[PDB]
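Heads up, the chain below is alone and in the form deposited in one PDB entry; it's given as structure tokens.
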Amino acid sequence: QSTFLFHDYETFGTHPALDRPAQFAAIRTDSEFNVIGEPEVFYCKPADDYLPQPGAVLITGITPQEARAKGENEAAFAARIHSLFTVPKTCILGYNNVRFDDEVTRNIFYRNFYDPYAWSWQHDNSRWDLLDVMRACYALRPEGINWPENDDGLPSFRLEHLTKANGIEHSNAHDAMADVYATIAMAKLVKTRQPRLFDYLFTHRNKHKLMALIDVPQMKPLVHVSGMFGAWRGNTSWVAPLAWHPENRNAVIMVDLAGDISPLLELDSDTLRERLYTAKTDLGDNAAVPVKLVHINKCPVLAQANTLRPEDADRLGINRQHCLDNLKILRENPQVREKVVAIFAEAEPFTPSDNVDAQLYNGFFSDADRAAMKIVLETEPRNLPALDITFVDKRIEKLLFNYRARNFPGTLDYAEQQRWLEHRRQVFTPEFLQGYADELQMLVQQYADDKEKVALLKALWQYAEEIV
């Protein structure tokens, strides 16, 4: 039978590759969102070459001392998650998971010699993200659920703000296990209050399922829900697919039909590109480029025009006529496409980092390396160096040493212990430790009144003292 796997990480920082996880929690459920099996919760021991983001710690309320005492090493941490995730017929999901948690999981698997993507697809698996489901529910089919307005009078979609707005036990927020229930409940609510949409959006979580909607040649208009648009637009707009992204295969170039389409008609590509990557604050008295990408593998909400009803339009302040006009102009002018696609054909302006943790997206691993890395998983730690393997991917050697050094220091010899002590010395430089102490010493002189917040800060200094 098929199942839904709700999960939520509590990390030591925002950057998934560079920051480490602190806590993991997950619950297995059926299609009706009824709890199957026991709830899974466990902590991760942070390595001795990393300090947490003090902000993240003020949010999570979990000190490295607690995680070190309670948790397991990252190799086990990854094993337990990979065990749960690889169960056949499992749809893994959470809240804002595609653009955070899943990025963590991928690195956790990447750092600990597990396949970073297989969990999402292999054995009839998939993933889902409820965030845009809530935005789509509010935008398209709000009747039934209470929607919390912001200070400016705009719709908020923070989990804690939702569960409280619909009478659900949201006491003690930012807790791995407490958030999963709050998510499951939020799903259960939308499933009950609005099934059709919930199903549509579910079945249309698939890369190939979305594809069907895209008729680039005919520029068939589609409803697109995304936070990138804006809460004043119900995070919603009509869009038209101009062309497939020239390099990335999972991306497609969408034109915003609500935006002013003059720049595309007037300016050339080279200038448009520069015009696309400019801030609204420092941008002058010009209309911005009404173009964005949609990553069909990142659970984007797409539907056909008629899904967005003229009522729901008037409710969200979206001019249907203006969208219908620009479409006719875009259909009337092919030359617009030519210039647009060329914007996304340019090569990567950023130089790749030499930090092995951040190289996940430097291509896939081969079958030989993929197999050889399994033998590394099966081979016991102590016997890892004795095993002579000829790897192809230069990342593997650096990944290994870090794996063994972080997870199994006691398996290191003298040289390996020394070069690690150097690696650490390069991380915890006086100027790095000062800036940290400055960041703490600032925050304490800011949250001084909050004894709970201070206690957490002090703990970070006491940790920072005993780690170096």
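Sequential numbering from 1, following the sequence displayed.
We do not show the form solved in complex with a small molecule, though everything after this point is about it.
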- request: Specify the contacting stretch among 73 to 81, 146 to 154, 315 to 323, 201 to 209, defined as having any heavy atom within 4.5 Å of the small molecule in the deposited complex.
  value: 315 to 323
- request: Give a yes/no on whether residue 335 approaches the small molecule to within 4.5 Å in the deposited complex, heavy atoms considered.
  value: no
task: May I ask you to check whether residue 238 falls inside a 4.5 Å heavy atom distance of the small molecule in the deposited complex?
output: yes
message: My question is simply whether residue 394 lines the interface with the small molecule in the deposited complex - judged by any non-hydrogen atom within 4.5 Å.
response: no
query: If you check in the deposited complex, is residue 257 within 4.5 Å of the small molecule, heavy atoms only?
result: yes
query: Ok, 300, 221, 263, 116: which has a heavy atom sitting within 4.5 Å of the small molecule in the deposited complex?
result: 221
query: Tell me, which of 331, 89, 245, 99 has a heavy atom within 4.5 angstroms of the small molecule in the deposited complex?
result: 331
